[PDB]
Each structure stands twice: as C-alpha cells, then as structure tokens.
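First, one chain by itself in structure tokens, the form deposited in one PDB entry.
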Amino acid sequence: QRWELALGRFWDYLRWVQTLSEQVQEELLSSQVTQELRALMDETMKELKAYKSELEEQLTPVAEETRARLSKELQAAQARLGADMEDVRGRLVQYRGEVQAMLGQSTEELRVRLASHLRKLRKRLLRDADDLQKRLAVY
C-alpha cells in the first residue's frame, strides 16, 4: 500500500481542486496547486518504482519469457498513470493562462468547462490506477 497511500493523497488533493472553491481558484492562479500536484505525482511514482522493484524478489517465473511480457506491460501501465497525472497538471497550467487572457473578465464559463474536463481526466486516471493495481497483483 505505500504507493497506493501516496496516490490516495494525489487523488484527495485533486478531488479538492475539482470543487473549484475560492481557495482552489486562488491557489490555481499561482503555481501553488500544479506544484503541489507535481510533488504528489513524483512521490507516487517514486513509491511505485520502489514497490515493483521489491516485488521482483518474490516471483515464480516458471512460464519463462512471460515475465518479460508481464514486466513491459506493468511498465506501461505505470507510464499511463504518470502521463494521466501530468495531463491534469497541464489542464490546470492551461487554465491559469486562459484566465490571464480574459483580462479581468468573468471566468465563470472557463470554470464550468475546466470542471467537466477535470471530471474526465480523473475518470481516466482512476481506470489506469485500477488496471495498474491489477497487473501489480499478478505479482
């Protein structure tokens, strides 16, 4: 669970950014949440790498070159998750700039759009974390 507990925190913070409260919106226009999100993503990847590395002592490789198949699949499940986390971080970096371009105008429509976009990106990150939990469990 260390990587899972590290991801649970990436995920809880994002659930909070998704509400777009006054505080989210404040911190959204500085680098504060994209930077805090970057730290949590890094820690999830850090912990994930270290976990697969220590799981690779336990294994029974009795169907030979299938462990290769298995590992290169698990290494892409991993790359999926990191990309996902980075897509979110980047929709958020786009937001800050779309607001700067409005020039004081009402950002209420950008916020309605941001939200349904983030809802999708989080649905994606959640099925890819699930799939990554599956592969890591055939280990």
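Residue positions are given as counts along the sequence shown, with the first one as 1.
- Of the two segments examined, 97 to 105 and 68 to 76, it is 68 to 76 that shows the higher average Cα temperature factor in the deposited entry.
- Averaged over Cα atoms, the B-factor as recorded in the entry is higher for 54 to 62 than for the other of 54 to 62 and 80 to 88.
- In the PDB entry, residue 27 places in the lowest third of its chain by CA B-factor.
- Residue-level temperature factors show residue 6 in the lowest third of its chain, judged at the C-alpha atom.
- Remark: residue 40 belongs to the middle third of its chain, ranked by C-alpha B-factor as recorded.
- Among all modelled residues in its chain, residue 114 ranks in the lowest third by Cα B-factor.
The same protein also exists as the form deposited with a partner chain bound; that form is not shown, yet it is the one meant from here on.
- With the partner removed from view, the residue among 66, 58, 94, 35 that has a non-hydrogen atom within 4.5 Å of the partner chain in the deposited bound form turns out to be 94.
- Checking 76, 39, 102, 50 for any heavy atom within 4.5 Å of the partner chain in the deposited bound form turns up a single hit: 102.
- Although the partner is absent here, residue 12 sits close enough that one of its heavy atoms falls within 4.5 Å of the partner chain in the deposited bound form.
- The partner chain in the deposited bound form is approached by residue 23, whose closest heavy atom lies within 4.5 angstroms of it.
- Contact between residue 46 and the partner chain in the deposited bound form is not found at the 4.5 Å heavy atom cutoff.
- Among residues of the shown chain, residue 129 is not one whose heavy atoms approach the partner chain to within 4.5 Å in the deposited bound form.
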